[PDB]
Amino acid sequence: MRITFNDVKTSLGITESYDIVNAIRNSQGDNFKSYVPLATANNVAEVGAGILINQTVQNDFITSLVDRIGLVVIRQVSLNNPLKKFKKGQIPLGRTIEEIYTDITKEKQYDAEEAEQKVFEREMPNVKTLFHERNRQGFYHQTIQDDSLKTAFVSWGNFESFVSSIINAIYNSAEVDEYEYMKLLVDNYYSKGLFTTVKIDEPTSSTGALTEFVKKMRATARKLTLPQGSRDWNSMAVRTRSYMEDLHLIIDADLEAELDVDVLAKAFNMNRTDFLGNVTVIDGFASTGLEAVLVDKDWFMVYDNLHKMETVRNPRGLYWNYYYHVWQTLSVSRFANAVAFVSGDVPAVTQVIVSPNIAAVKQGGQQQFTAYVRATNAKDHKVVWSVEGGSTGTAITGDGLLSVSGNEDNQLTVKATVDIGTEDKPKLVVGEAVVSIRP
Amino acid sequence: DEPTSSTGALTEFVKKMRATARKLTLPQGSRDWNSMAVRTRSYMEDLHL
Amino acid sequence: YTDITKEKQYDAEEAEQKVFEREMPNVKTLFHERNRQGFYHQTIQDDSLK
Amino acid sequence: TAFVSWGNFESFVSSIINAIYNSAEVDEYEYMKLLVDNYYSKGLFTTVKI
């Protein structure tokens, strides 16, 4: 093979804002006057940036010798992800992880006349589970052809350095892809309204807004660790409690700079105005309004299942093939506190959670459903209950009491709907639960 | 907008510079700060303003 | 410069026939030439300056 | 700019220098050979028919 290129211009993919040579030339002199005395300004500007493609250039004195290459430099970089501290151990066998949680019950008034006929009644405990699966299986494939690459180098050091650079790149790719997947986890969690949104804007003070975001974040962190617990900071609407030593906070570079400049510099004894939980800084979030994410240590459910490399050699083609196989499971637990701080426009209602997601009832039985509405504003909204079982005799009370007709065999879906859109363009937030029929 | 128009503009310019400098030196790197889009990282002792 | 690579999905059925397939690494090169070539000229008339 | 090592540069300069002496030797040989032809053409040169 003899690969050649002919008649390639020195500025291939350059879309200049303005012509520097023409601007210097036709300037009477207001800001470019310093470059007028320069003699080789045009020649310098012609090759100011590196040339994409090299072409053979004859010597100016004797137009028979060819100008040579004097210096060759090899650029090498090392990359890794800072979120490796959020990874748990390894799962050699098995595929699915099951997480179980139990909620609290409700108090009943002490009555003696009413306790005669229901000594043996049942009060089913509130429990709920979720499952995490193995969902990442990838490999990185790279070939090295040393015999063909030997012609591109003169010294024996550059060749080895180039091979080492390829070997380093085959690992840097996985190192950056793991970080990309972990960030995609948070982005996907926010993309479906599973985060509890806290608005940074609306200071409601008219005198000071620099400290509003830090005040709100400190208040949220303080109320996350209340001993009595709360149901307002998780997607399962279960009474849970968090600890300050287990609270992590992923913040943006802009947010970190704002904290460092606006408040920390002008604040004496900044120990009482800095952040509370552990702090990590990333490049930013792909979501429009995301600025910071405050989560719990047990929020991440990332595990590794396989990490290996295998090499093969083709002797007919005289090359090496490297395959780096990585298998991982990436998931996030819904039973942990997780809030997201936003500084834009958000819908009035984020999500609706029905307490029993999965239920089983008899033909003549009944069920009770409770709905929680995650509203960004302070005003409340009313829910509407519906059932899409498709059999007559089955109806749901407006308070959330589902009654099943005595003659039916179908899978019941119970929907709670909140209307937030304006008239003539309704917007609906729907949370539904599944019910099975026991004959 | 302007680094000399007002003290607020100067402060936000400083904030932007600090944010950019911090995100240039992250370990995972980025490909949105050079002419050729390649994943590369810088260092604080190597950055010059 | 060498700039990482792209990952592929695991597939034994395709690996059954693509064992020896080649994947060229992502390598980018650029070249810098010499462009500044000048001189400074000054004349001195010592006899006239005396 | 056409060389990487110095020794090649001095070798090229030495070849350029030696070219002058080679040309001088060749021209001297031609000039001295011209004398026989000139003397034979002028007819002052004894001849034997073969």
# chains A, B, ... in the order shown; residues from 1 in each chain; ligands from 1
>>> interface_residues(of="chain D", to="chain A", cutoff="8 Å", atoms="only C-alpha atoms", output="VMD selection string")
chain D and resid 1 to 4
>>> write_last_selection(atoms="N, CA and C atoms", output="PDB file, in the first residue's frame")
ATOM      1  N   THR D   1      18.005  22.452   7.688  1.00  0.00           N
ATOM      2  CA  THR D   1      16.696  21.831   7.844  1.00  0.00           C
ATOM      3  C   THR D   1      16.556  20.532   7.064  1.00  0.00           C
ATOM      4  N   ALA D   2      17.521  20.198   6.210  1.00  0.00           N
ATOM      5  CA  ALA D   2      17.468  18.985   5.407  1.00  0.00           C
ATOM      6  C   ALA D   2      18.213  17.819   6.039  1.00  0.00           C
ATOM      7  N   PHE D   3      18.763  17.993   7.238  1.00  0.00           N
ATOM      8  CA  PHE D   3      19.549  16.952   7.882  1.00  0.00           C
ATOM      9  C   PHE D   3      19.151  16.836   9.345  1.00  0.00           C
ATOM     10  N   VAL D   4      19.364  15.647   9.903  1.00  0.00           N
ATOM     11  CA  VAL D   4      19.072  15.371  11.301  1.00  0.00           C
ATOM     12  C   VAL D   4      20.346  15.278  12.132  1.00  0.00           C
TER      13      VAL D   4
END
>>> select_by_dssp(residues="region 69-311 of chain A", states="alpha helix (DSSP H)", output="PyMOL selection string")
chain A and resi 146-149+156-191+212-224+253-258
>>> closest_atom_pairs(of="chain B", to="chain A", cutoff="10 Å", atoms="only C-alpha atoms", output="CSV")
residue,atom,partner,partner_atom,distance
B:11,CA,A:261,CA,7.6
B:12,CA,A:258,CA,8.5
B:14,CA,A:261,CA,8.0
B:15,CA,A:257,CA,5.3
B:16,CA,A:254,CA,7.1
B:17,CA,A:257,CA,8.7
B:18,CA,A:257,CA,5.9
B:19,CA,A:253,CA,5.0
B:20,CA,A:253,CA,7.6
B:21,CA,A:253,CA,9.1
B:22,CA,A:253,CA,6.5
B:23,CA,A:283,CA,5.6
B:24,CA,A:283,CA,8.8
B:25,CA,A:283,CA,9.9
B:26,CA,A:282,CA,7.5
B:27,CA,A:80,CA,5.7
B:28,CA,A:80,CA,5.2
B:29,CA,A:79,CA,6.7
B:30,CA,A:283,CA,8.8
B:35,CA,A:49,CA,10.0
B:39,CA,A:79,CA,8.7
B:40,CA,A:77,CA,6.6
B:41,CA,A:77,CA,7.4
B:42,CA,A:77,CA,9.4
>>> closest_atom_pairs(of="chain C", to="chain A", cutoff="7 Å", atoms="only C-alpha atoms", output="Markdown table")
| residue | atom | partner | partner_atom | distance |
| --- | --- | --- | --- | --- |
| C:1 | CA | A:75 | CA | 5.3 |
| C:2 | CA | A:166 | CA | 6.7 |
| C:3 | CA | A:169 | CA | 6.6 |
| C:4 | CA | A:169 | CA | 4.5 |
| C:5 | CA | A:173 | CA | 5.8 |
| C:6 | CA | A:140 | CA | 6.8 |
| C:7 | CA | A:140 | CA | 5.0 |
| C:8 | CA | A:139 | CA | 5.5 |
| C:9 | CA | A:138 | CA | 4.8 |
| C:10 | CA | A:138 | CA | 5.2 |
| C:20 | CA | A:314 | CA | 7.0 |
| C:22 | CA | A:143 | CA | 5.7 |
| C:23 | CA | A:142 | CA | 5.4 |
| C:24 | CA | A:143 | CA | 6.3 |
| C:25 | CA | A:142 | CA | 6.5 |
| C:30 | CA | A:52 | CA | 5.1 |
| C:31 | CA | A:51 | CA | 5.1 |
| C:32 | CA | A:50 | CA | 5.2 |
| C:35 | CA | A:44 | CA | 5.2 |
| C:36 | CA | A:40 | CA | 6.0 |
| C:37 | CA | A:40 | CA | 7.0 |
>>> select_by_dssp(residues="region 269-370 of chain A", states="strand (DSSP E)", output="ChimeraX atom specification")
/A:278-282,290-296,303-314,319-329,338-342,349-354,358-362,366-368
>>> residues_around(residues="residue 367 (chain A)", least_positions_apart="3", cutoff="8 Å", atoms="only C-alpha atoms", output="PyMOL selection string")
chain A and resi 361+401-403
>>> atom_distance(atom1="CA of residue 110 (chain A)", atom2="CA of residue 237 (chain A)")
27.7 Å
>>> residues_around(residues="residue 346 (chain A)", least_positions_apart="5", cutoff="10 Å", atoms="only C-alpha atoms", output="number ranges by chain")
A: 197-199, 289, 375-377
>>> decode(residues="region 4-22 of chain B", atoms="N, CA and C atoms", output="mmCIF file, in the first residue's frame")
data_model
loop_
_atom_site.group_PDB
_atom_site.id
_atom_site.type_symbol
_atom_site.label_atom_id
_atom_site.label_comp_id
_atom_site.auth_asym_id
_atom_site.auth_seq_id
_atom_site.Cartn_x
_atom_site.Cartn_y
_atom_site.Cartn_z
ATOM 1 N N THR B 4 -15.452 45.129 34.381
ATOM 2 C CA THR B 4 -15.248 46.418 35.024
ATOM 3 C C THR B 4 -16.517 47.253 35.141
ATOM 4 N N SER B 5 -17.664 46.747 34.681
ATOM 5 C CA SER B 5 -18.885 47.546 34.713
ATOM 6 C C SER B 5 -19.369 47.774 36.140
ATOM 7 N N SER B 6 -19.338 46.738 36.975
ATOM 8 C CA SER B 6 -19.824 46.856 38.342
ATOM 9 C C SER B 6 -19.176 45.777 39.197
ATOM 10 N N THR B 7 -19.283 45.958 40.516
ATOM 11 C CA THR B 7 -18.716 44.983 41.441
ATOM 12 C C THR B 7 -19.431 43.639 41.339
ATOM 13 N N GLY B 8 -20.740 43.652 41.079
ATOM 14 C CA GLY B 8 -21.447 42.400 40.859
ATOM 15 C C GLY B 8 -20.964 41.678 39.617
ATOM 16 N N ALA B 9 -20.722 42.428 38.540
ATOM 17 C CA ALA B 9 -20.174 41.833 37.327
ATOM 18 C C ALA B 9 -18.782 41.267 37.572
ATOM 19 N N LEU B 10 -17.955 41.985 38.336
ATOM 20 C CA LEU B 10 -16.630 41.471 38.667
ATOM 21 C C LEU B 10 -16.725 40.183 39.478
ATOM 22 N N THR B 11 -17.630 40.146 40.460
ATOM 23 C CA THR B 11 -17.779 38.950 41.283
ATOM 24 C C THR B 11 -18.270 37.764 40.462
ATOM 25 N N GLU B 12 -19.221 37.987 39.551
ATOM 26 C CA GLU B 12 -19.691 36.872 38.736
ATOM 27 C C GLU B 12 -18.630 36.428 37.734
ATOM 28 N N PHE B 13 -17.793 37.353 37.255
ATOM 29 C CA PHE B 13 -16.657 36.956 36.427
ATOM 30 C C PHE B 13 -15.696 36.069 37.208
ATOM 31 N N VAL B 14 -15.417 36.431 38.461
ATOM 32 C CA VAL B 14 -14.553 35.600 39.297
ATOM 33 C C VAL B 14 -15.179 34.229 39.514
ATOM 34 N N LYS B 15 -16.488 34.193 39.773
ATOM 35 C CA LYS B 15 -17.173 32.918 39.967
ATOM 36 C C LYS B 15 -17.071 32.043 38.725
ATOM 37 N N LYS B 16 -17.286 32.632 37.547
ATOM 38 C CA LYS B 16 -17.179 31.872 36.306
ATOM 39 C C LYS B 16 -15.765 31.345 36.103
ATOM 40 N N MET B 17 -14.754 32.174 36.382
ATOM 41 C CA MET B 17 -13.378 31.722 36.206
ATOM 42 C C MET B 17 -13.071 30.558 37.137
ATOM 43 N N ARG B 18 -13.484 30.666 38.403
ATOM 44 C CA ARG B 18 -13.222 29.590 39.355
ATOM 45 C C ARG B 18 -13.934 28.308 38.945
ATOM 46 N N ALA B 19 -15.181 28.419 38.483
ATOM 47 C CA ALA B 19 -15.913 27.235 38.044
ATOM 48 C C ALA B 19 -15.225 26.571 36.858
ATOM 49 N N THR B 20 -14.803 27.371 35.874
ATOM 50 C CA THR B 20 -14.132 26.813 34.704
ATOM 51 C C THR B 20 -12.805 26.166 35.082
ATOM 52 N N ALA B 21 -12.031 26.816 35.954
ATOM 53 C CA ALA B 21 -10.759 26.245 36.382
ATOM 54 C C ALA B 21 -10.967 24.939 37.135
ATOM 55 N N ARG B 22 -11.994 24.879 37.986
ATOM 56 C CA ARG B 22 -12.277 23.647 38.715
ATOM 57 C C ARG B 22 -12.686 22.527 37.768
#
